[PDB]
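Visitor: Have a look at this one before I ask anything.
Don't worry about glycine lacking a Cβ; one is built from the backbone with ideal geometry, like all the others, and counts go over all protein chains shown. The numbers here are math on the coordinates, done by the rules we state, and not lab data.
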Amino acid sequence: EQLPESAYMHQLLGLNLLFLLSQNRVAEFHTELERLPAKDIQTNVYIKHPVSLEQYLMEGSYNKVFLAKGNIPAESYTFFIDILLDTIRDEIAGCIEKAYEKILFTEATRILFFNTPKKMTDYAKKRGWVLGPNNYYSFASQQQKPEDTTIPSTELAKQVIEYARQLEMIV
Amino acid sequence: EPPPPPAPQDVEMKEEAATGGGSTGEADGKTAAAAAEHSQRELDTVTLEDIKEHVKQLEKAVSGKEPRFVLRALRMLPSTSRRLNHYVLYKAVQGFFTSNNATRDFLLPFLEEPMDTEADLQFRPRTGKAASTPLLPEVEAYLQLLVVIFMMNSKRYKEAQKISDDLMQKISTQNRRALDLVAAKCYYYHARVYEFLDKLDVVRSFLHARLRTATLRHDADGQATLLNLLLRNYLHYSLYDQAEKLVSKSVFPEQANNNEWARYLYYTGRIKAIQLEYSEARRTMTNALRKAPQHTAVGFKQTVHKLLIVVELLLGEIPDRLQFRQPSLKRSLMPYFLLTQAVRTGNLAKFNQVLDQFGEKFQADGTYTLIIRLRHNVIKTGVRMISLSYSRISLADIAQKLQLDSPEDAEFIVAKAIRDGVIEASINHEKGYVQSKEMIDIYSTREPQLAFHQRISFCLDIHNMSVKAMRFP
Amino acid sequence: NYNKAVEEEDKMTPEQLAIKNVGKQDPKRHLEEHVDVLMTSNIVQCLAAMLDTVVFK
Amino acid sequence: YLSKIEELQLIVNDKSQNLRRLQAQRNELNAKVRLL
Amino acid sequence: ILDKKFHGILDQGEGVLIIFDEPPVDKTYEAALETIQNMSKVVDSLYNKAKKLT
Amino acid sequence: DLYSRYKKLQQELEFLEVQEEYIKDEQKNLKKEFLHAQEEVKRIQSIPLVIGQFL
Amino acid sequence: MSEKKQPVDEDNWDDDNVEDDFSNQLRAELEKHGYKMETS
Amino acid sequence: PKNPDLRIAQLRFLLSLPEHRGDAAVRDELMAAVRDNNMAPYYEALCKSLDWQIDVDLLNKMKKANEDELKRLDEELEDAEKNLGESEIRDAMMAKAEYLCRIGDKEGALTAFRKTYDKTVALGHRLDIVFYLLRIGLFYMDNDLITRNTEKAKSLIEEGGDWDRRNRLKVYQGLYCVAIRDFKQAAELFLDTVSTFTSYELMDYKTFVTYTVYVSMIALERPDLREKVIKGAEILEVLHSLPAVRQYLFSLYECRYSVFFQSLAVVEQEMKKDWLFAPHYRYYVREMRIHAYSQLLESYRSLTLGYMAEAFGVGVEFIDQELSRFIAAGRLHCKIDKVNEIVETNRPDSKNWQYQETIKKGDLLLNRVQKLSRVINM
């Protein structure tokens, strides 16, 4: 540990944290909060603003992302919260349609910015769904009321087969 | 001064009479991988020596067993049993004769004496005891100044016993397992010698190399004693060594001592606590909790429970700790009954007062990953309590009753709840309704008959455990 | 009926189990006709529940 | 020390033989039941 | 229907106010009553268990 | 002196695996003879009975 | 065999269950439900 | 020899709930402390309530009466050490020595408990001792001695059968039960109200009737409820004395909505004024509530809370949090709704909820013996 001190000594851990959080590795997230635990709380606001930003991803995401981009004076974190914007947009693409009933065009205009790219059009067609005017239904899902008719009745008797083998292996 | 000459003459002779004279029968009972009836008995009396009146607890004359039993440490034709009887009659150097103390000064040539006396006739647990029991019951002097390397030298003569163990007797010693048991405890004395001041930089690569010499060829009890070292020292001194396991994870063939297997499952569950895998962890930490019922009255089961149930609080649900409250635990406030009291509430001021006020005890917690999502667990506990209570509720009720300042923040909370599958709600994204609802068919049509394969697989595996139990006598 | 009515008297005797090895005298087994009668019964009638999938497709 | 250790790990299979003596005891069980 | 009973549960939208039930379900009852006492027999064998070893 | 050792104990081990496989089917076939004995017990009371009373 | 890391580191005890409903809640219970007669 | 200073133990309970006053302490404090040589009922209240200006002409004349009682003890046991009979010393001095325990502290232990316990084989004197550990577990409000008298009385429960006093053992074991939240065995052992007619440890037998009906109104399902508290023959008169008790039972069995709470206000007034019951004033009240809502909510299925609040009094938001706590507390399964407002009920545990406790015990207790099963090898 007996080394001289560089100016980037903690915000390198901050950049590592930010890419490590963007890459969707949570075991890497906890070994990031465990490799040098005690010093991450007070110093380096480029740790606390990302770990409280993880808290913001935990309890209230899609509310503080751009407002957190508004506070990085050291422009090396916007490159990786572009990756976090990608994991925002895929979770929009998994979490505003095909889980709800219907949303109108202005909610997609607020959350999906630039108000008509081929990007929110890409997302609306990326659901596998055709839009109408001024609306986004989230219909045509969870078909047939599936049941798996009698196949567990068969295959669990095929499990009773090795249950009889367990009656066999003992005397 | 007349009462402390009878007692060690009694208990120490009943120790080594049984120990040596039965280990002779245990190693001339040509095959014994299980028997070891004085090995574990002497371990039951050495853990009792750590309670009791040591090799000599400087017992008010001279501490004379140390210039006694390692001189002429030579087990010849059975007149050396009479040499040990001379070491019975010579126990009154303290009371009859001139009193010579040779602890900490002449113990180093005494550490040279099992080699300075003639050839070991294949009874190493007497010499393993002579390499452990001199100075490791002197760890309880707690001074650890210039005797750190002395206790380490006693373990160097233990390493001489490893030389004579797995570099000598090349036909099936089978006290190799008894010396695994002894060497494990003295590896925890390596812990108690280095880890008071350093780390075990010998026994880092020698932890891996002692795993190497006890991997497959003569591996019995050594694997998870060394793995408890591997999974215990590699918690404070850092992690990803648990991820160094993850391509060579190997456990015992048969489960070992119940306390051992219990605390091993406790270590791996506490590692899965920081891994935030909550499914295997709850059952293995429950197994570890109920599987170690024997502890000192100062506690240590409330220690294991304290550092156990924190992620069980982090589950989103946990029973009340009204079955674990101890009065010394009440004074030491180790798992904070107030914390799980605030878990049952949807309170924020008192919960963060526990946090800010009790960061001094969060020092002893050291598991600050609890809070940054345990506040999330508080708000999830609130929405779980409310949504479990109500059939249909709207955002106008809960989104401002729990002061989320907006409908859409509670919409995101319910979105993560449906992402967790907790509630079966729906949001009317037109007027500002949570048009929530509940699913149907809670009857026993399809679900319990499929859970009965877990139930009856449990049952038949306990049948087969009963069968394997039947297989031993 | 034939199982449970015999099972309560099958479980009576651990009231009277004790120590002082020969100082107690009533060793009788109790597992009889509740292993095997239940084995044959439930396995043949779950194969009877399999008859519909065996005959029908 | 090739077979100098193979034979030792097959000396460990004497503890496999106690299971066999147990099985021989199992077959000796119910032998007097059938002879009764 | 409150105080007394004929298994007359209320439905506001059937007409028949359907009274249907299955009284013999003693298959699970008597087995549950067995397991209640069998756990006690296991507890009362646990003394022999924990005492005869050590 | 080593080569004599696994020339005894390996043969011991494979002889013991031989009889360890055999005794399982032994104890199996004993239960079939036991079921024949059960039917021999059960057929002692079918068509008659001659009521007395225990004295 | 008991230690290995750890030496370094009827009453109201059953009433605690509904007392968890008595401490955070309902301490002025019939001081409001008893006043439901005349508050409205 | 029991009931006066037991009533002063009820005066200790009078010291319990009104705390802000120091006048209702001192008035019948002096009234109970000038009567019948009672050093301890003002000695512990000297340790708890207001102290003494003096005691010289006030209460040292009663320590002088204690001196007179003590010097006639020194007369009596020295006159009984000459006599060689039915342990004349310990008998004719256990009288005055249980009276000494009435005078002073727990030295009644050494001069009563073993002083008659080391001689007799009859349960009368030992049971007087059990009753005195009961009265001193009413003095100190013990958890210890009201279990230690059970520990002493079960030494002669093992051979018995007696008409009133063993039923009184049942009574005070039930009072030990429902001194904490232990509720059904109290009522079940009180239920034989006939043979408990009058003994000199009773208070008002009518108040014994009130206590057994307060404990037997719950832990008694509706057929047993109607058969005991309605079809009870001799109970009807001793609840025809107090109107509000019979009114309470017929308002509960009437199953209205507001006379629930009128009745419940009466038993709210009643439940407090009750020693080793008043610290348990809460779960009894919501226990009455949970019995009431349970018998009222299984029958309907198209239920609105407007139909509740139209006749409970006010419940428009008043029973809202009440029923919500009652549901989410673990019990009383129905569904509370948004303004759709349909309360939806559940199953009688005939099929579904029954299917759990089997594996709930075959996990836990059978897993303890899984641990003991894994005690084979090492």
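Visitor: Just checking the output field for E:43-50: average partner chain Cβ neighbours within 10 Å of each residue's Cβ? Could the numbers behind the result be given before it?
Guide: Working: counts 4, 3, 4, 4, 2, 4, 5, 3.
The per-residue average across the peptide is 4.
Visitor: Right, another one. Could you please report the charge total around A:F19, scoring K, R as +1 and D, E as -1 over all other residues with beta-carbon less than 14 angstrom from its beta-carbon? Let's see the in-between values first.
Guide: Values: positive: A:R25; negative: A:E28, A:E32, A:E54, A:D82, A:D86.
Its environment carries a net charge of -4.
Visitor: Another question, if that's okay. Loop by DSSP (not H, G, I, E, B), at most 10 other beta-carbon atoms within 10 Å: where is the longest site-free stretch of chain A for GluC sites (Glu not before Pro)?
Guide: Numbers: sites that count: A:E1, A:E5, A:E75, A:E147.
With a cap of 10 other Cβ atoms within 10 Å, the longest stretch comes to A:76-146.
Visitor: Sticking with this structure for a sec: Hey, what number do you get for chain B at 222 nm if only DSSP H runs of n ≥ 4 count, each worth -39500 (n - 2.57), divided across all residues, to the nearest 500? List each step's numbers first, then the result.
Guide: Values: 23 runs with 264 residues, N = 473.
Mean residue ellipticity, 222 nm, calculated: -17000 deg cm²/dmol.
Visitor: Starting with the fewest neighbours, write out H:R226, B:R331 ranked by other beta-carbon atoms found within 10 Å of each beta-carbon.
Guide: Final ranking by Cβ density, sparse to dense: B:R331, H:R226.
Visitor: Determine the shielding of peptide B:227-235 by partner chains: average, over its residues, the number of Cβ atoms on other chains within 10 angstrom of each Cβ.
Guide: Working: counts 0, 2, 1, 0, 0, 2, 1, 0, 2.
That works out to 1 on average.
Visitor: Go through B:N153, B:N228, C:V35 and say which Cα lies farthest out towards the positive end of the charge dipole of the protein assembly as shown; charges sit on Cβ, +1 for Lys and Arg, -1 for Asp and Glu.
Guide: B:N153
Visitor: Treating cross-link reach as a plain straight distance, find the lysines whose alpha-carbon is under 24 Å from the alpha-carbon of B:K30, omitting any fewer than eight places away in the same chain.
Guide: In chain and number order, the partners are B:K129, B:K162, B:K170, D:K4, D:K15, F:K7, F:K8.
Visitor: Quickly work out the E:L2-to-C:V6 label distance, labels modelled 7 Å from Cα along the C-beta direction, and quote it in nm with one decimal.
Guide: Here the modelled spin labels are 5.2 nm apart.
Visitor: Let me ask something additional. With springs only between Cα atoms under 10 Å, which of H:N83, H:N37, H:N340 fluctuates most in a Gaussian network model of chain H?
Guide: Judging by the Gaussian network model, the answer is H:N340.
Visitor: Output needed: percent of Cα pairs per 10 Å distance bin for the range H:135-291, bins running from 0 to the one holding the longest distance.
Guide: So the P(r) values, bin by bin, are 9, 38, 36, 14, 2, 0.
Visitor: Could you tell me the calculated FRET efficiency between E:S45 and H:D192, based on Cβ-Cβ distance and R0 = 41 angstrom, to the nearest 0.05? Walk me through the numbers on the way to the answer.
Guide: Numbers: r = 36 Å, r/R0 = 0.88.
With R0 = 41 Å, the Cβ-Cβ based efficiency is 0.70.
Visitor: Averaged over its residues, how many other protein chain Cβ atoms are within 10 Å of peptide H:356-369's Cβ atoms? Numbers along the way, then the final one.
Guide: Working: counts 1, 3, 6, 8, 0, 5, 8, 4, 3, 6, 6, 6, 7, 6.
The shielding value for this peptide is 5.
Visitor: Contact order normalised by length for chain B, with contacts defined as Cα pairs under 8 Å and 6 or more residues apart; what percent is it? List each step's numbers first, then the result.
Guide: On the way: 377 pairs, mean separation 34.0, N = 473.
Across chain B, relative contact order equals 7 percent.
Visitor: To test your reading of the geometry: what angle, between 0 and 90 degrees and rounded to tens, separates the Cα axis of helix H:243-254 from the longest principal axis of chain H?
Guide: Roughly 30 degrees, rounded to the nearest 10.
Visitor: Given 20 °C and 1.002 mPa s, how large is the Stokes-Einstein diffusion coefficient of the range B:302-410 in µm²/s, with Rh as the Kirkwood radius over Cα pairs?
Guide: Values: Rh = 15.1 Å.
D, rounded to a whole number, is 142 µm²/s.
Visitor: Hey, quick one: spin label on A:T116, modelled 7 Å out along Cα-Cβ, who in the range A:129-145 has an amide N within reach, i.e. under 19 Å?
Guide: Correct set: A:130-137.
Visitor: Can you give the three extents of the C-alpha atoms in the range H:266-362 along their principal axes, from longest to shortest, in whole Å?
Guide: 44, 42, 19
Visitor: Can you give the angle from 0 to 90° between the axis of helix H:258-270 and the longest principal axis of chain H, with both taken from C-alpha atoms, to the nearest 10?
Guide: 20 degrees
Visitor: Per residue of chain H, what 222 nm ellipticity follows from adding -39500 (n - 2.57) for every DSSP H run with n ≥ 4, rounded to the nearest 500? Walk me through the numbers before you get to the answer.
Guide: On the way: 19 runs with 217 residues, N = 378.
After summing the helix terms and dividing by the residues of chain H, the value is -17500 deg cm²/dmol.
Visitor: Looking only at Cα atoms, what is the convex hull volume of chain C per residue, in Å³?
Guide: Values: hull volume 4.9 nm³, N = 57.
Per residue, the Cα convex hull of chain C comes to 86 Å³.
Visitor: Using the basic label-point model (7 angstrom from Cα toward the beta carbon), what is the B:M76 to H:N83 distance in nanometres?
Guide: 8.6 nm
Visitor: Given R₀ = 45 Å, FRET efficiency for B:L197-D:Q17 by Cβ-Cβ distance, to 0.05? Walk me through the numbers on the way to the answer.
Guide: Details: r = 50 Å, r/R0 = 1.10.
After rounding, the FRET efficiency stands at 0.35.
Visitor: Here's something else I'd like to know. Which ordering of H:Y205, A:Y136 is given by a fewest-first count of other beta-carbon atoms within 10 Å? Display every interim value, and only then the final one.
Guide: Working: H:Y205 13, A:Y136 21.
Exposure proxy ranking, most exposed first: H:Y205, A:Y136.
Visitor: Based solely on C-alpha atoms, express the radius of gyration and the Dmax of the range H:21-109 in angstrom.
Guide: 15.8, 54
Visitor: Provide Rg and Dmax in Å for the range B:173-254, with only Cα atoms included in the calculation.
Guide: 12.7, 37
Visitor: Over all alpha-carbon pairs of chain H, lay out the pair-distance distribution in 10 Å bins, whole %, shortest bin first.
Guide: Result returned by the calculation: 4, 17, 23, 22, 17, 11, 5, 2, 0.
Visitor: Next question. What spacing in nm lies between the two simple spin-label points modelled at A:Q143 and A:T43, each 7 Å away from Cα in the Cβ direction?
Guide: 6.0 nm
Visitor: For the protein assembly as shown, with only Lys/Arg (+1) and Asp/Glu (-1) charged at the beta-carbon, what is the dipole magnitude about the Cα centre, in debye rounded to 20? It would help to have the intermediate numbers written out before the result.
Guide: Details: 172 positive and 185 negative charges, 576 e Å.
I would put it at about 2760 debye.
Visitor: Separate question: For the range B:36-98, just say rounded, prolate or oblate: build the C-alpha gyration tensor, square-root its eigenvalues into a ≥ b ≥ c, call rounded for a/c under 1.5, and beyond that prolate if a/b exceeds b/c, oblate if not.
Guide: On the way: a/c = 2.71, a/b = 1.08, b/c = 2.51.
It comes out oblate by the Cα gyration axes.
Visitor: On C-alpha positions alone, give me the angle between the axis of helix A:45-58 and the longest principal axis of chain A, in degrees, nearest 10.
Guide: Taking the Cα atoms of chain A, the angle to A:45-58 is about 30 degrees.
Visitor: Next question, about the same structure. Excluding E:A50 itself, what net charge comes from residues whose Cβ is under 13 Å from its Cβ, given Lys and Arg +1 and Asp and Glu -1? Spell out each step's value before the answer.
Guide: Details: positive: E:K49, E:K51, E:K52, H:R368, H:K371; negative: E:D44.
Summing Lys and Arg as +1 and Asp and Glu as -1 gives +4.
Visitor: With +1 on each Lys and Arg Cβ and -1 on each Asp and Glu Cβ, and nothing else charged, work out how big the dipole of the range B:81-220 is about its Cα centre, in Debye to the nearest 20. List each step's numbers first, then the result.
Guide: Working: 21 positive and 16 negative charges, 99 e Å.
In debye, rounded to 20, the range B:81-220 gives about 480.
Visitor: Still on this model: Restricting to Cα pairs below 8 Å that are 6+ residues apart, what does the relative contact order work out to for chain H? Please round to a whole percent.
Guide: Values: 290 pairs, mean separation 35.8, N = 378.
Across chain H, relative contact order equals 9 percent.
Visitor: Hey, can you rank H:145-152, B:402-409 by average C-beta count inside 10 Å, highest first?
Guide: Working: H:145-152: 18.4, B:402-409: 16.4.
Ranking, from highest mean packing down: H:145-152, B:402-409.
Visitor: List, largest first, the extents of the alpha carbons of the range B:233-296 along their principal axes, each in whole Å.
Guide: 31, 25, 24
Visitor: Here is a follow-up. Give the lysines whose C-alpha is closer than 28 Å to that of B:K401, dropping any in the same chain fewer than 8 places away, or say none.
Guide: A:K64, A:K102, B:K350, B:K380, B:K416, B:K431, B:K437, G:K32, G:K36, H:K335, H:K338
Visitor: Still on this model: Principal axes first, then extents: for the Cα atoms of the protein assembly as shown, list largest minus smallest coordinate on each axis, whole Å, largest first.
Guide: 117, 104, 99 Å, listed from the longest principal axis down.
Visitor: Hey, could you get me the Stokes-Einstein D for chain B, Kirkwood radius over alpha-carbon pairs, 37 °C and 0.692 mPa s, rounded to whole µm² s⁻¹?
Guide: Values: Rh = 27.0 Å.
My calculation gives 122 µm²/s for D.
Visitor: Next question. For the range A:9-86 and the range B:387-458, compute the distance between their C-alpha centroids and round to whole Å.
Guide: 31 Å
Visitor: Among B:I371, B:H54, B:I393, whose Cα projects farthest towards the positive end of the dipole of the protein assembly as shown, with charges put on the beta-carbon of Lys, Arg (+1) and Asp, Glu (-1)?
Guide: Of the listed residues, the answer is B:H54.
Visitor: For the range C:1-46 and the range B:282-351, compute the distance between their C-alpha centroids and round to whole Å.
Guide: Rounded to whole Å, the Cα centres lie 41 Å apart.
Visitor: Can you pick out the pairs among H:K106/H:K170; B:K291/E:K51; B:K65/B:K91; A:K98/A:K126; B:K249/G:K5; B:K199/G:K5 whose Cα atoms lie more than 19 Å from each other? Don't skip to the end; give the middle numbers.
Guide: Numbers: H:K106/H:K170 25 Å; B:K291/E:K51 17 Å; B:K65/B:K91 7 Å; A:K98/A:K126 11 Å; B:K249/G:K5 22 Å; B:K199/G:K5 15 Å.
Checking Cα-Cα distances, H:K106/H:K170; B:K249/G:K5 exceed 19 Å.
Visitor: Suppose every K and R has +1 on its Cβ and every D and E has -1 on its Cβ; what is the size of the dipole of the range A:20-171 about the Cα centre, in Debye to the nearest 20? Walk me through the intermediate numbers first.
Guide: Working: 18 positive and 20 negative charges, 117 e Å.
Here the size comes out at about 560 debye.
Visitor: What is the mean projected area of the alpha carbon convex hull for chain A, to one decimal in square nanometres?
Guide: Values: hull surface 75.6 nm².
If you wrap the Cα atoms of chain A in a convex hull and average its projections, you get 18.9 nm².
Visitor: What fraction of the Cα pairs in the range H:115-223, stated in percent, has a spacing above 25 angstrom?
Guide: Values: 1195 of 5886 pairs.
The share of Cα pairs beyond 25 Å in the range H:115-223 comes to 20 percent.
Visitor: While we're here: With r as the distance between the Cβ atoms of E:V16 and B:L48 and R0 = 60 Å, compute the FRET efficiency 1/(1 + (r/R0)^6) and round to 0.05. Don't skip to the end; give the middle numbers.
Guide: Working: r = 77 Å, r/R0 = 1.29.
Efficiency for this residue pair is about 0.20.
Visitor: Sticking with this structure for a sec: Filter the GluC sites (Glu not before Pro) in the range H:84-113 down to the DSSP loop ones having no more than 13 other Cβ atoms within 10 Å, then list what survives. List each step's numbers first, then the result.
Guide: Working: sites: H:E86, H:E88, H:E98, H:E107; in loops: H:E86, H:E107.
Qualifying residues, ordered by number: H:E86, H:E107.
Visitor: Kindly rank F:42-55, B:125-138 from highest to lowest mean number of other beta carbons found within 10 Å of each residue. Before the final figure, lay out the partial values.
Guide: Numbers: F:42-55: 5.7, B:125-138: 22.9.
Packing proxy ranking, top to bottom: B:125-138, F:42-55.
Visitor: Quick one: length gained pulling H:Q356 to H:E310 fully straight, 0.36 nm per residue minus the C-alpha distance? Write down the numbers at each step before the final one.
Guide: Details: separation 46, 0.36 × 46 = 16.56 nm, distance 3.89 nm.
In short, 12.7 nm is gained.
Visitor: At 0.36 nm per residue, and after removing the present C-alpha to C-alpha distance, how many nm does the segment from H:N340 to H:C255 gain when stretched out fully? It would help to have the intermediate numbers written out before the result.
Guide: Details: separation 85, 0.36 × 85 = 30.60 nm, distance 2.58 nm.
Once the chain is fully extended between H:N340 and H:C255, it gains 28.0 nm.
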